[PDB]
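*Asks:* PDB entry and its sequence, pasted below:
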Amino acid sequence: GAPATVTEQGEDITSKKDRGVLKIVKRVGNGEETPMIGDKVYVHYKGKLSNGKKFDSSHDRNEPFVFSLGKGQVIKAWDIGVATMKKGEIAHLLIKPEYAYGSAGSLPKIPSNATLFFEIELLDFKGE
Ligand SMILES: C=C[C@H]1CN(Cc2ccccn2)C(=O)[C@@H]2CCC[C@H]1N2[S@@](=N)(=O)c1cc(Cl)cc(Cl)c1
């Protein structure tokens, strides 16, 4: 399925080149610009655990998730990954725990040592 495919066929987008965050672009977005640090980013997403469980989805809430890019409001992989996306892009990310919730996990939904899969759509970015 899609998690296996990004694991086996994704590109390493980390600065360290440690394969901690792999990406596939599913739908090419608009032009060349990506958001900058501090921008208000609007995304839709779905997240899955390695046991197959969908653990979260913004689509199911009928509202995007909004955050300020690069300010540590989200897991490291999101700050890294969303920064690579163009407006309108849809991407898959495969994230090792070191770029997510690590050995702690995040109770109740995220186990210890969890590799995470996301599908993310960048709706809009604005501001700083
Ligand atoms: C909807 C909440 C976000 C939670 N966070 C930030 C955060 C804040 C506080 C505690 C744990 N994580 C995050 O960094 C990431 C990425 C942005 C979307 C979503 N998560 S998430 N989908 O991984 C998620 C979803 C859910 Cl239901 C629980 C957790 Cl602990 C994490």
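*Replies:* Right, received. Where do you want to start? Numbers count the residues shown, from 1 in each chain.

*Asks:* looking at it, residue 105 is touching residue 75, isn't it?
*Replies:* No: counting by CB atoms under 8 Å, residue 105 does not reach residue 75; the two are 11.9 Å apart. For the C-beta atoms, the positions are set from N, CA and C on the backbone; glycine is no exception.

*Asks:* Assumed residue 101 was part of a strand.
*Replies:* No: under DSSP: H, G, I helix; E, B strand; the rest coil, residue 101 sits outside any strand and is assigned coil.

*Asks:* Could you report the separation of it from residue 55?
*Replies:* Distance of residue 101 to residue 55, given as CB to CB, to the nearest Å: 11 Å.

*Asks:* May I have the secondary structure class of the residue sitting nearest the centre point of the chain?
*Replies:* Central residue of the chain (CA atoms, centre = their mean): residue 78, 4.4 Å from the mean position. When classified by three-state DSSP, residue 78 comes out as helix.

*Asks:* Same question for residue 81.
*Replies:* helix.

*Asks:* What residues does this protein have near the ligand?
*Replies:* Residues of the chain found near the ligand, taking CB under 6 Å from any ligand atom as the criterion, are 47, 55, 56, 65, 74, 75, 78, 106, 109, 110.
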